[PDB]
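As structure tokens, the structure follows; a few thoughts come after it.
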Amino acid sequence: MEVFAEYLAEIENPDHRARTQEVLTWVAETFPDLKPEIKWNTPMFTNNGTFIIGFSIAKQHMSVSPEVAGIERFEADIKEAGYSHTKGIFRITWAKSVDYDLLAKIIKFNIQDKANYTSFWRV
């Protein structure tokens with residue numbers, strides 16, 4: 001968790017910082033075997049060296065990054081949760097709640113789908 005200290009401190013809005021902290025803490029606690037990392041100024045979690053999920057903050061939303069394959073697998077549920085998405089990310093605006101249930105399904109999916117992966121990113 002200390003790994004994310006500087007990143008969180010740099011979030012000037014304290015309510016945005018609290019939400020980011022709550023999500024990152026929840027991932028860490030719910031998935032204790034993942035390694036929390038800051039890489040390229042992005043908070044993320046890896047499993048035996050491969051990327052599992054990443055988070056980043058913009059002015060009006062948090063971005064969740066589970067790779068294109070993660071968005072493809074859960075596109076219907078992302079849309080039903082009410083979040084906007086691209087091919088590779090989806091967004092949670094500050095007024096909207098975080099669907100921890102969906103996050104859990106995405107994270108578990110990437111863990112299983114990238115078991116033994118030989119690269120950091122999916123190609």
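For the structure tokens, the naming scheme is as follows: chains receive sequential letters (A, B, ...) according to their order of presentation, residues are indexed from 1 within each chain, and ligands are indexed from 1 in presentation order.
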
Would you mind writing down, as a ChimeraX atom specification, each residue of segment 63-112 of chain A that DSSP on the backbone assigns to alpha helix (DSSP H)? /A:67-80,100-112

Output N, CA, C and O atoms for every residue in that selection, as an mmCIF file, in the first residue's frame.
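The resulting again31.cif:
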data_model
loop_
_atom_site.group_PDB
_atom_site.id
_atom_site.type_symbol
_atom_site.label_atom_id
_atom_site.label_comp_id
_atom_site.auth_asym_id
_atom_site.auth_seq_id
_atom_site.Cartn_x
_atom_site.Cartn_y
_atom_site.Cartn_z
ATOM 1 N N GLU A 67 -7.506 -4.303 -19.904
ATOM 2 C CA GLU A 67 -7.089 -4.695 -21.248
ATOM 3 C C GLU A 67 -8.297 -4.916 -22.122
ATOM 4 O O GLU A 67 -9.412 -5.147 -21.652
ATOM 5 N N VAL A 68 -8.027 -4.987 -23.423
ATOM 6 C CA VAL A 68 -9.159 -5.099 -24.343
ATOM 7 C C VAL A 68 -9.949 -6.381 -24.085
ATOM 8 O O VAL A 68 -11.189 -6.394 -24.133
ATOM 9 N N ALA A 69 -9.214 -7.470 -23.797
ATOM 10 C CA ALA A 69 -9.843 -8.758 -23.600
ATOM 11 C C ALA A 69 -10.758 -8.678 -22.381
ATOM 12 O O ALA A 69 -11.782 -9.349 -22.357
ATOM 13 N N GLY A 70 -10.360 -7.946 -21.327
ATOM 14 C CA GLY A 70 -11.229 -7.811 -20.154
ATOM 15 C C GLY A 70 -12.527 -7.022 -20.479
ATOM 16 O O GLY A 70 -13.649 -7.354 -20.052
ATOM 17 N N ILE A 71 -12.390 -5.938 -21.256
ATOM 18 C CA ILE A 71 -13.565 -5.158 -21.654
ATOM 19 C C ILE A 71 -14.467 -6.067 -22.522
ATOM 20 O O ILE A 71 -15.689 -6.088 -22.355
ATOM 21 N N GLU A 72 -13.863 -6.758 -23.499
ATOM 22 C CA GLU A 72 -14.671 -7.613 -24.377
ATOM 23 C C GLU A 72 -15.478 -8.632 -23.583
ATOM 24 O O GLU A 72 -16.673 -8.761 -23.808
ATOM 25 N N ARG A 73 -14.836 -9.286 -22.608
ATOM 26 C CA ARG A 73 -15.497 -10.321 -21.831
ATOM 27 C C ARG A 73 -16.664 -9.740 -21.039
ATOM 28 O O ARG A 73 -17.631 -10.433 -20.810
ATOM 29 N N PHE A 74 -16.585 -8.482 -20.574
ATOM 30 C CA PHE A 74 -17.579 -8.026 -19.607
ATOM 31 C C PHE A 74 -18.367 -6.819 -20.122
ATOM 32 O O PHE A 74 -19.040 -6.164 -19.349
ATOM 33 N N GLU A 75 -18.319 -6.599 -21.422
ATOM 34 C CA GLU A 75 -18.864 -5.396 -22.034
ATOM 35 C C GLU A 75 -20.314 -5.158 -21.631
ATOM 36 O O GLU A 75 -20.673 -4.035 -21.299
ATOM 37 N N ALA A 76 -21.146 -6.222 -21.660
ATOM 38 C CA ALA A 76 -22.548 -6.097 -21.286
ATOM 39 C C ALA A 76 -22.684 -5.625 -19.843
ATOM 40 O O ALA A 76 -23.504 -4.762 -19.556
ATOM 41 N N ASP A 77 -21.906 -6.204 -18.920
ATOM 42 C CA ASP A 77 -22.032 -5.860 -17.500
ATOM 43 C C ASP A 77 -21.505 -4.455 -17.225
ATOM 44 O O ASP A 77 -21.992 -3.788 -16.334
ATOM 45 N N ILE A 78 -20.497 -4.024 -17.985
ATOM 46 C CA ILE A 78 -19.954 -2.681 -17.818
ATOM 47 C C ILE A 78 -21.035 -1.672 -18.222
ATOM 48 O O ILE A 78 -21.337 -0.689 -17.488
ATOM 49 N N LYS A 79 -21.688 -1.981 -19.339
ATOM 50 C CA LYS A 79 -22.725 -1.099 -19.863
ATOM 51 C C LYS A 79 -23.917 -1.135 -18.906
ATOM 52 O O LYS A 79 -24.519 -0.103 -18.621
ATOM 53 N N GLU A 80 -24.262 -2.303 -18.374
ATOM 54 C CA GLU A 80 -25.417 -2.322 -17.504
ATOM 55 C C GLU A 80 -25.080 -1.622 -16.182
ATOM 56 O O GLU A 80 -25.971 -1.162 -15.471
ATOM 57 N N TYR A 100 -18.161 -3.179 -7.064
ATOM 58 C CA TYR A 100 -17.074 -4.042 -6.609
ATOM 59 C C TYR A 100 -17.307 -5.447 -7.100
ATOM 60 O O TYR A 100 -16.380 -6.251 -7.236
ATOM 61 N N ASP A 101 -18.584 -5.774 -7.259
ATOM 62 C CA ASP A 101 -18.928 -7.092 -7.748
ATOM 63 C C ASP A 101 -18.355 -7.341 -9.145
ATOM 64 O O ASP A 101 -17.664 -8.351 -9.343
ATOM 65 N N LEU A 102 -18.607 -6.376 -10.065
ATOM 66 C CA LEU A 102 -18.023 -6.414 -11.400
ATOM 67 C C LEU A 102 -16.488 -6.395 -11.359
ATOM 68 O O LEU A 102 -15.832 -7.076 -12.165
ATOM 69 N N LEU A 103 -15.892 -5.541 -10.522
ATOM 70 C CA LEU A 103 -14.439 -5.523 -10.452
ATOM 71 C C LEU A 103 -13.882 -6.897 -10.098
ATOM 72 O O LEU A 103 -12.899 -7.357 -10.664
ATOM 73 N N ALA A 104 -14.508 -7.524 -9.108
ATOM 74 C CA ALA A 104 -14.082 -8.865 -8.698
ATOM 75 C C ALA A 104 -14.130 -9.851 -9.869
ATOM 76 O O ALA A 104 -13.188 -10.621 -10.030
ATOM 77 N N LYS A 105 -15.143 -9.765 -10.713
ATOM 78 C CA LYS A 105 -15.323 -10.724 -11.787
ATOM 79 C C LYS A 105 -14.252 -10.450 -12.837
ATOM 80 O O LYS A 105 -13.652 -11.411 -13.333
ATOM 81 N N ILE A 106 -13.970 -9.175 -13.103
ATOM 82 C CA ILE A 106 -12.984 -8.819 -14.115
ATOM 83 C C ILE A 106 -11.596 -9.283 -13.657
ATOM 84 O O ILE A 106 -10.839 -9.813 -14.485
ATOM 85 N N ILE A 107 -11.253 -8.998 -12.379
ATOM 86 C CA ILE A 107 -9.940 -9.330 -11.843
ATOM 87 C C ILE A 107 -9.776 -10.838 -11.861
ATOM 88 O O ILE A 107 -8.755 -11.364 -12.288
ATOM 89 N N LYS A 108 -10.829 -11.566 -11.417
ATOM 90 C CA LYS A 108 -10.656 -13.014 -11.384
ATOM 91 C C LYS A 108 -10.500 -13.588 -12.787
ATOM 92 O O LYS A 108 -9.742 -14.565 -12.999
ATOM 93 N N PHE A 109 -11.260 -13.027 -13.719
ATOM 94 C CA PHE A 109 -11.115 -13.388 -15.116
ATOM 95 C C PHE A 109 -9.696 -13.193 -15.640
ATOM 96 O O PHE A 109 -9.156 -14.086 -16.327
ATOM 97 N N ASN A 110 -9.134 -11.998 -15.399
ATOM 98 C CA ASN A 110 -7.809 -11.765 -15.955
ATOM 99 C C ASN A 110 -6.824 -12.719 -15.282
ATOM 100 O O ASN A 110 -5.845 -13.141 -15.901
ATOM 101 N N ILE A 111 -7.027 -12.964 -13.972
ATOM 102 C CA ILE A 111 -6.049 -13.834 -13.307
ATOM 103 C C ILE A 111 -6.025 -15.202 -13.995
ATOM 104 O O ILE A 111 -4.946 -15.772 -14.261
ATOM 105 N N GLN A 112 -7.224 -15.766 -14.227
ATOM 106 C CA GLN A 112 -7.302 -17.110 -14.781
ATOM 107 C C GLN A 112 -6.891 -17.069 -16.247
ATOM 108 O O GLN A 112 -6.116 -17.930 -16.718
#

If you run DSSP on the backbone, which residues of segment 11-93 of chain A are strand (DSSP E), as a list in words? residues 35, 36, 37, 38, 39, 42, 43, 44, 45, 46, 47, 50, 51, 52, 53, 54, 55, 56, 57, 61, 62, 63, 64, 65, 90, 91, 92 and 93 of chain A

Put those residues in a file: N, CA, C and O atoms, as an mmCIF file, in the first residue's frame.
data_model
loop_
_atom_site.group_PDB
_atom_site.id
_atom_site.type_symbol
_atom_site.label_atom_id
_atom_site.label_comp_id
_atom_site.auth_asym_id
_atom_site.auth_seq_id
_atom_site.Cartn_x
_atom_site.Cartn_y
_atom_site.Cartn_z
ATOM 1 N N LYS A 35 0.465 -8.417 -6.768
ATOM 2 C CA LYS A 35 1.492 -7.469 -6.322
ATOM 3 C C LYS A 35 1.056 -6.060 -6.732
ATOM 4 O O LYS A 35 0.843 -5.804 -7.910
ATOM 5 N N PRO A 36 0.873 -5.133 -5.764
ATOM 6 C CA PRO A 36 0.537 -3.753 -6.105
ATOM 7 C C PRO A 36 1.795 -3.057 -6.586
ATOM 8 O O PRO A 36 2.865 -3.291 -6.043
ATOM 9 N N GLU A 37 1.725 -2.328 -7.685
ATOM 10 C CA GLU A 37 2.884 -1.695 -8.295
ATOM 11 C C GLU A 37 2.464 -0.308 -8.802
ATOM 12 O O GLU A 37 1.291 -0.086 -9.183
ATOM 13 N N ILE A 38 3.425 0.644 -8.825
ATOM 14 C CA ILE A 38 3.217 1.871 -9.573
ATOM 15 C C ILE A 38 4.133 1.710 -10.764
ATOM 16 O O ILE A 38 5.310 1.471 -10.520
ATOM 17 N N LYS A 39 3.613 1.740 -11.991
ATOM 18 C CA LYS A 39 4.526 1.659 -13.134
ATOM 19 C C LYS A 39 4.091 2.702 -14.144
ATOM 20 O O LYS A 39 2.869 2.829 -14.362
ATOM 21 N N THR A 42 1.194 4.822 -13.036
ATOM 22 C CA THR A 42 -0.150 4.253 -13.022
ATOM 23 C C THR A 42 -0.203 3.225 -11.885
ATOM 24 O O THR A 42 0.596 2.292 -11.874
ATOM 25 N N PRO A 43 -1.170 3.306 -10.935
ATOM 26 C CA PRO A 43 -1.347 2.227 -9.978
ATOM 27 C C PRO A 43 -1.897 0.969 -10.645
ATOM 28 O O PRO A 43 -2.854 1.077 -11.433
ATOM 29 N N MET A 44 -1.285 -0.197 -10.357
ATOM 30 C CA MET A 44 -1.758 -1.403 -10.998
ATOM 31 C C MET A 44 -1.483 -2.623 -10.112
ATOM 32 O O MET A 44 -0.796 -2.488 -9.107
ATOM 33 N N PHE A 45 -2.023 -3.797 -10.504
ATOM 34 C CA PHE A 45 -1.729 -5.040 -9.806
ATOM 35 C C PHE A 45 -1.295 -6.075 -10.830
ATOM 36 O O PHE A 45 -1.824 -6.129 -11.921
ATOM 37 N N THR A 46 -0.273 -6.843 -10.481
ATOM 38 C CA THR A 46 0.296 -7.872 -11.333
ATOM 39 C C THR A 46 0.241 -9.224 -10.608
ATOM 40 O O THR A 46 0.102 -9.325 -9.366
ATOM 41 N N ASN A 47 0.226 -10.277 -11.448
ATOM 42 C CA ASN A 47 0.200 -11.645 -10.910
ATOM 43 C C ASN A 47 1.380 -12.372 -11.510
ATOM 44 O O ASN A 47 1.377 -12.652 -12.702
ATOM 45 N N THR A 50 2.620 -10.566 -14.601
ATOM 46 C CA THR A 50 1.808 -10.148 -15.731
ATOM 47 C C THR A 50 0.787 -9.093 -15.276
ATOM 48 O O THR A 50 0.300 -9.148 -14.121
ATOM 49 N N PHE A 51 0.375 -8.194 -16.216
ATOM 50 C CA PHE A 51 -0.602 -7.178 -15.805
ATOM 51 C C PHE A 51 -1.997 -7.807 -15.555
ATOM 52 O O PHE A 51 -2.503 -8.588 -16.362
ATOM 53 N N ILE A 52 -2.647 -7.392 -14.478
ATOM 54 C CA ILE A 52 -4.012 -7.841 -14.167
ATOM 55 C C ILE A 52 -4.984 -6.667 -14.267
ATOM 56 O O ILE A 52 -6.029 -6.805 -14.908
ATOM 57 N N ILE A 53 -4.710 -5.549 -13.544
ATOM 58 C CA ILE A 53 -5.685 -4.457 -13.652
ATOM 59 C C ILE A 53 -4.974 -3.164 -13.250
ATOM 60 O O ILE A 53 -4.067 -3.247 -12.441
ATOM 61 N N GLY A 54 -5.373 -2.017 -13.839
ATOM 62 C CA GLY A 54 -4.747 -0.720 -13.607
ATOM 63 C C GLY A 54 -5.839 0.335 -13.419
ATOM 64 O O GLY A 54 -6.974 0.115 -13.813
ATOM 65 N N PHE A 55 -5.487 1.443 -12.749
ATOM 66 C CA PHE A 55 -6.448 2.466 -12.419
ATOM 67 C C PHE A 55 -5.769 3.790 -12.703
ATOM 68 O O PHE A 55 -4.533 3.880 -12.647
ATOM 69 N N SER A 56 -6.525 4.768 -13.191
ATOM 70 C CA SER A 56 -5.904 6.080 -13.293
ATOM 71 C C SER A 56 -7.005 7.132 -13.107
ATOM 72 O O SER A 56 -8.161 6.760 -13.062
ATOM 73 N N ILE A 57 -6.611 8.360 -12.778
ATOM 74 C CA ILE A 57 -7.597 9.362 -12.404
ATOM 75 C C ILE A 57 -7.550 10.441 -13.470
ATOM 76 O O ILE A 57 -6.469 10.832 -13.872
ATOM 77 N N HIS A 61 -13.364 11.444 -13.944
ATOM 78 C CA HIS A 61 -13.661 10.042 -13.649
ATOM 79 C C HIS A 61 -12.381 9.316 -13.217
ATOM 80 O O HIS A 61 -11.255 9.843 -13.371
ATOM 81 N N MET A 62 -12.597 8.107 -12.647
ATOM 82 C CA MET A 62 -11.514 7.146 -12.530
ATOM 83 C C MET A 62 -11.588 6.217 -13.736
ATOM 84 O O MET A 62 -12.699 5.864 -14.130
ATOM 85 N N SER A 63 -10.454 5.877 -14.350
ATOM 86 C CA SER A 63 -10.385 4.936 -15.471
ATOM 87 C C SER A 63 -9.969 3.564 -14.915
ATOM 88 O O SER A 63 -9.030 3.509 -14.136
ATOM 89 N N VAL A 64 -10.658 2.492 -15.306
ATOM 90 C CA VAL A 64 -10.205 1.162 -14.916
ATOM 91 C C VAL A 64 -9.731 0.484 -16.196
ATOM 92 O O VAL A 64 -10.435 0.482 -17.212
ATOM 93 N N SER A 65 -8.565 -0.176 -16.113
ATOM 94 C CA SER A 65 -7.896 -0.692 -17.303
ATOM 95 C C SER A 65 -7.708 -2.183 -17.135
ATOM 96 O O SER A 65 -6.792 -2.597 -16.438
ATOM 97 N N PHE A 90 -12.746 1.315 -18.920
ATOM 98 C CA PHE A 90 -14.060 1.890 -18.674
ATOM 99 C C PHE A 90 -13.944 2.980 -17.603
ATOM 100 O O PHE A 90 -12.949 3.019 -16.885
ATOM 101 N N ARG A 91 -14.953 3.857 -17.509
ATOM 102 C CA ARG A 91 -14.807 5.021 -16.631
ATOM 103 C C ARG A 91 -15.872 5.003 -15.550
ATOM 104 O O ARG A 91 -17.031 4.699 -15.878
ATOM 105 N N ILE A 92 -15.493 5.438 -14.334
ATOM 106 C CA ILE A 92 -16.434 5.555 -13.226
ATOM 107 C C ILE A 92 -16.410 7.018 -12.833
ATOM 108 O O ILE A 92 -15.378 7.483 -12.350
ATOM 109 N N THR A 93 -17.480 7.772 -13.170
ATOM 110 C CA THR A 93 -17.512 9.154 -12.720
ATOM 111 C C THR A 93 -17.657 9.226 -11.202
ATOM 112 O O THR A 93 -18.064 8.260 -10.527
#

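The space between atom CA of residue 23 of chain A and atom CA of residue 117 of chain A spans 25.2 Å.
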
Residue nearest residue 25 of chain A - candidates A:4, A:94, A:40, A:83, atoms counted: only C-alpha atoms: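 Smallest distance to residue 25 of chain A is found for A:4.
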
Non-local contacts of segment 9-12 of chain A (12 Å; only C-alpha atoms; under 3 positions in same chain excluded) as number ranges by chain: A: 2-6, 15-21, 41, 56-59, 62

Work out how far atom CA of residue 1 of chain A is from atom CA of residue 97 of chain A, in Å to one decimal.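 Going from atom CA of residue 97 of chain A over to atom CA of residue 1 of chain A, I get 22.4 Å.
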
Hey, can you check how far atom CA of residue 116 of chain A sits from atom CA of residue 49 of chain A? 9.3 Å
